[PDB]
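Student: Quick one: experimental structure and sequence below.
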Amino acid sequence: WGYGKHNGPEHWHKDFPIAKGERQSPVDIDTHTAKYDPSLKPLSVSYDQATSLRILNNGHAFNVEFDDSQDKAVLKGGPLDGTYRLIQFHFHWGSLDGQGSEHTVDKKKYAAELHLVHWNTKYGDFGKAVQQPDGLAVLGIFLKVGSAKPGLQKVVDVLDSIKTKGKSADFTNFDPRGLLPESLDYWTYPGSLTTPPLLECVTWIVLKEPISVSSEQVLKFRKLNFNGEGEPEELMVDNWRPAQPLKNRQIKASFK
Ligand SMILES: Clc1ccc(OCc2nnn[nH]2)cc1Cl
Ligand code: NA
Ligand SMILES: [Zn+2]
């Protein structure tokens with residue numbers, strides 16, 4: 001599977017029939033229809049003790065991985081019950097600044113989207129968590145092109161060392177707090193992974209406020225390769241799934 005004409009999102013259902021399921025992601029967020037939920041508790045992003053380890057090009061995106069063997073960096077509150085441990089983050093992005101995000105906001109596409117992936121510690125390990133309807137919480141953050149994001153630059157600068165599929169590099173002492181916007185206002189809904197296996201195991205928390213990154217920063221994302229070393233070059237761009245049918249779901253807002 002991938003993102004090309006011959007193996008992309010319109011093909012995925014043949015090996016992963018849940019691609020046409022009842023709670024697939026991403027979705028369009030219609031801001032006029034999303035409703036404030038006074039019931040949501042405050043969102044708690046607790047990343048002070050986050051321990052990054054490594055950055056990996058897996059042929060689909062690049063992943064920054066964390067030590068999740070203890071409750072270091074966790075996401076709690078909001079729509080969530082219990083404690084979700086940060087395991088990794090990655091992005092999806094476009095070939096052009098007008099596309100690249102997976103979620104859309106009133107059909108608007110952002111240049112990219114950051115996903116911080118967390119798993120529900122009541123299920124003991126990540127593999128067990130993805131088999132549960134409330135196994136994962138993904139914090140989604142839009143990127144728009146404007147001023148540079150200082151906290152992203154250490155990521156940008158290491159991409160030259162993981163150009164191709166299968167390459168990894170040490171990536172210790174990175175603080176993911178530098179990737180967040182000022183506001184934690186969010187939308188939330190029940191959904192799925194946005195790549196195969198497309199499991200319906202995600203509580204989505206999508207921040208309303210985008211972060212700005214510079215044109216130079218996202219240009220360096222676009223120099224990555226889907227291919228492995230020694231293979232014909234396939235630029236890693238447009239690694240996003242389009243919006244899926246909302247079906248029997250309501251998107252809730254944390255804010256008035
Ligand atoms: Cl660990 C991980 C890495 C990448 C990935 O991409 C698809 C995606 N993004 N947000 N939800 N699913 C999924 C996961 Cl669960
Ligand atoms: Na759920
Ligand atoms: Zn993602």
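Tutor: The structure has been received and is ready for your questions. Numbering: from 1, shown residues only. Ligands and ions are numbered 1, 2, ... in the order given.
Student: now the strands: where do they sit in the stretch 51-200 of the chain?
Tutor: Applying DSSP state E, counting those that start in this stretch to the stretch 51-200 of the chain gives strands spanning 52-57, 62-66, 74-77, 84-93, 104-105, 112-120, 136-145, 168-170, 186-191.
Student: So for residue 159, which of those strands sits nearest?
Tutor: Closest approach to residue 159 among these is made by strand 62-66 (6.8 Å; C-beta to C-beta). All C-beta spots, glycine's among them, are computed from the backbone N, C-alpha and C.
Student: what pairs with the closest one, and is each one parallel or antiparallel?
Tutor: Paired neighbours of strand 62-66 in the sheet (DSSP bridges): strand 52-57 (antiparallel), strand 84-93 (antiparallel).
Student: ok, now how distant is residue 62 from residue 94?
Tutor: Shown here: residue 62 relative to residue 94, a distance of 15 Å by C-beta to C-beta, to the nearest Å.
Student: Name the residues of the stretch 151-256 of the chain found near ligand 1, please.
Tutor: By the rule C-beta under 6 Å from any ligand atom, the part of the stretch 151-256 of the chain lying against ligand 1 is 193, 194, 195, 202.
Student: Pick out the residue of the stretch 1-150 of the chain closest to ligand 1.
Tutor: residue 115 (4.2 Å; C-beta to the nearest ligand atom).
Student: got the residues of the stretch 51-200 of the chain near ligand 2?
Tutor: Residues of the stretch 51-200 of the chain that fall close to ligand 2, judged by C-beta under 5 Å from the ion: 133, 134, 190.
Student: of the residues you listed, buried ones?
Tutor: Buried members of those, scored by 16 or more other C-beta atoms under 10 Å, are 134, 190.
Student: Tell me the residue of the stretch 151-256 of the chain that sits nearest ligand 2?
Tutor: At 4.3 Å from ligand 2, residue 190 is the closest residue in the stretch 151-256 of the chain, using C-beta to the ion.
Student: which residues does that residue bridge with?
Tutor: For residue 190, the residues forming beta bridges with it (DSSP bridges) are residue 203.
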